[PDB]
Structure formats: C-alpha cells, structure tokens
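Note sheet for the following structure.
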Amino acid sequence: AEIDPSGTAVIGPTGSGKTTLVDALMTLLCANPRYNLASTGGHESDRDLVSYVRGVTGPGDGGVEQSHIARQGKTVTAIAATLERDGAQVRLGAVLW
Amino acid sequence: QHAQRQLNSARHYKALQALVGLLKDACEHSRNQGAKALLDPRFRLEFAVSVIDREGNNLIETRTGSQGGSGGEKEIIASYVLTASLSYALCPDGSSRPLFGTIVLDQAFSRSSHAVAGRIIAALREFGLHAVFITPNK
Amino acid sequence: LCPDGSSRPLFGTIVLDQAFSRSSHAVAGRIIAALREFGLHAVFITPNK
DNA sequence: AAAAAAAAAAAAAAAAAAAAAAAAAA
DNA sequence: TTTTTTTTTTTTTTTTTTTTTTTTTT
Ligand SMILES: Nc1ncnc2c1ncn2[C@@H]1O[C@H](COP(=O)(O)OP(=O)(O)OP(O)(O)=S)[C@@H](O)[C@H]1O
Ligand SMILES: [Mg+2]
C-alpha cells in the first residue's frame, strides 16, 4: 500500500479490514497498544496480538477442529513501514514466529 | 442442603441454630452474588445466542455478547436483539397484536454502510411496527 | 512533537478513524481547514461517505 | 404546610490475575 | 549459548459507602 505525499484516503465496505491495517501500523510505535479503539468510542479495547498473528475470524462455535482459526502450527509474520523525508529513507520493522 | 441432612441425624439444637443463622444471613446482603444465586429464581440460568442457517439446522456461531466485532456488526446485532425483545415485550407477550406500536431511533446509521441500513429497515418493517427517524443530513 | 521553539518537526503524519461520523458538512470543512492550518500530513478513513 | 421513612444511582477502595524484562545457573 | 527463576507493573472485578430525591403522615 502506498501513500501520496499530499494527503490520501482509505475507503471500503463494512467488515473489510481497514482498521486491521491501521492497527498493524499502530503496533510498531506505541509502548502498549489499545487495539480497535474507535469502534467503542474511546472507552475499551478488544483484541490482542496473538489473535492477529493467528488470524482468528469470529468467536466461531464449539467442537475441537477449531475451523475458526486460519493458521495452525508453525508460522512466520513480518511487518514493515517506510518513511521518506528528502532522499534519505528509513524503515521500521518487526519479525515474529 | 448439607445442613438439612445433619438436622435429620440430630432429630440437636446447634443444627437448628446453624440453619436459622444461615437463612438469616442469606436474608441480608441481597446485593451480593450469593443471595442473588440462592433466592432469585432468574439467577440460576445462563443465556447464549446462536446463528443457525436457514436450510437445515446447523450451528454456525455461538456468542455470549458483542465482543471482538467490527463497527457495523455491533450496531446491527444490538439493534436486532433490542427490537426483537421490544416486539415481544409488548402485547404479543400474552399474544394478540400490539396496542402501542412505535419506536424511536436516534442518530440512525452513524457507522454502517448502505446495505446494513437496508437490512435494518427491512427487518424493522418485517417485525410490524412504525418508526420515526432522526438523522443529520448524512 | 516539538518540545522547544526550534520548530522543524521530524514526524508529521496523523491518522483518523471513522472521521466525520456525527457531524454535518460545515463541521467537516472546518475540521479539515484547522488540520491543514498547522501544516500536518493527514490520513483519512471512511466507510464510503 | 412541615417532618420522617424508603429507594436508586454515583463514587472510592480492596483483592486478584496476568504479561514483560532482568538476573542467575547448566 | 540456552534455559529457568524472580520481580514489577498494569488491568479487571467485586464490595461497601454516600448522596439525593420521592412519597407518606401529622
Ligand atoms: N480478534 C478478532 N475476533 C473476531 N473477529 C475478528 C478478529 N480480528 C478480525 N476479525 C474479523 O475480521 C474482520 C475484519 O474487519 P475489521 O478490520 O475488524 O473492521 P473493518 O473492516 O475496518 O470494518 P469497520 O466497521 O469499517 S472498522 C472483522 O469484521 C471480523 O469479522
Ligand atoms: Mg477491532
């Protein structure tokens, strides 16, 4: 995803993943994240890091197969962001597994 | 219950003392969890909601609240359950048709998209009520 | 972002979520004007509105 | 017209649980 | 070099206390 240096916008239908992208950015900076803040107006937080890295979609149902989780077992995740000022360029990143 | 059985063995006074004291203590402190769990009948159950597919009968998702959802999901779930509960709570509680049918929504569709609003209106009309809407020029 | 009077910020990006959810046209316009006034790069999120 | 009993909401505090970072040992 | 142990800080939950208003009786 790219950002024009003169102000951009993000749009999309409901339940698409916009706040997922914004939280993936927010994780790299603050000391202790408050995930999914704007949904409740600014009073509580709901998600957690492991939930993101394993990609759980909805609370699901009972059973034992746990089909409501995407990745099971060994996994690798990487996040990176880029800042440019003038010629010089910096990258911030994290690797989890 | 335990105390009771001990009394059945005594047929001597301390069992009666303990049982009466337990009951008297339960009478007080009605704002604590134990008293609610012991006397109020409605506190002896647990509730949950489930989503079931139309054709057939299959559990697809079980929920105890509205946690972990996105923006529109919380709004639609809350509105749906509240309007269903209100529709039941009126006259059709004891059957017959409602005598006072109207419902007021404030800041309608402050966070949802077009399709969600369409579903909301469709469900609200299907429940058989009359609505008044309050929105800015959004 | 600038503790002293030296100005010249190094970080200049702001992020908003569900912007303009409970306001009319004039309010949004004034918010945008005020945000641009300080000289800050901005990002916006909106459910197609 | 004035005095007393009752009930619902707001606020402070104590107890409990959990996760991250440094020190120490095989 | 790898592993275990310990401490520290942050968050949530439940209990109790306090206050204001309403209704009734004299
Ligand atoms: N921890 C989680 N628990 C449950 N469902 C989740 C979780 N993380 C992601 N999801 C799902 O992933 C979807 C992605 O949507 P989100 O990014 O959360 O919200 P959105 O796409 O930004 O829509 P909005 O209302 O504009 S914020 C959600 O709607 C959920 O169904
Ligand atoms: Mg969220």
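Hey, among A:49, A:29, which residue is surrounded by 11 or more Cβ atoms within 10 Å (Cβ to Cβ) and aliphatic (A, V, I, L, M)?
Among A:49, A:29, only A:49 is surrounded by 11 or more Cβ atoms within 10 Å (Cβ to Cβ) and aliphatic (A, V, I, L, M).
Go through B:79, B:113, B:50 for me and flag whichever is within 17 Å of the chain's Cα centre (by Cα) and surrounded by 14 or more Cβ atoms within 10 Å (Cβ to Cβ).
Among B:79, B:113, B:50, only B:79 is within 17 Å of the chain's Cα centre (by Cα) and surrounded by 14 or more Cβ atoms within 10 Å (Cβ to Cβ).
The conditions are (1) part of a helix (DSSP H, G or I); (2) farther than 24 Å from residue A:29 by Cβ, and residue C:20 fails exactly one of them. Which is it?
So the condition that residue C:20 fails would be (1).
In the stretch A:74-83, is there at least one residue being surrounded by 12 or more Cβ atoms within 10 Å (Cβ to Cβ), within 14 Å of chain C (Cβ to nearest Cβ) and within 15 Å of the chain's Cα centre (by Cα)?
Within the stretch A:74-83 (the criterion being surrounded by 12 or more Cβ atoms within 10 Å (Cβ to Cβ), within 14 Å of chain C (Cβ to nearest Cβ) and within 15 Å of the chain's Cα centre (by Cα)), the answer is yes, since at least one residue qualifies.
Any idea which of B:32, B:58 is on the phi < 0 side of the Ramachandran plot and touching a strand residue (DSSP E or B) at 6+ places or on another chain (Cβ under 8 Å)?
Of the residues listed, the single one that is on the phi < 0 side of the Ramachandran plot and touching a strand residue (DSSP E or B) at 6+ places or on another chain (Cβ under 8 Å) is B:58.
Let me confirm something: among A:20, A:57, which residue is farther than 30 Å from residue C:33 by Cβ and surrounded by 13 or more Cβ atoms within 10 Å (Cβ to Cβ)?
A:20
Residue pairs, Cβ under 9 Å, 6 or more apart or interchain, first in the stretch A:17-32 and at the interface with chain C (Cβ under 9 Å from one of its Cβ atoms) and farther than 13 Å from residue A:47 by Cα, second of a type in the set (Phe, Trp, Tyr) and within 16 Å of ligand 1 (Cβ to nearest atom). List them.
Matching pairs, first to second residue: A:26/A:35.
Positions of Cβ are backbone-derived with ideal geometry, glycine not excepted, and every protein chain shown enters the neighbour counts. Values quoted throughout were computed directly from the atomic coordinates according to the rules given, and no laboratory measurement underlies them.
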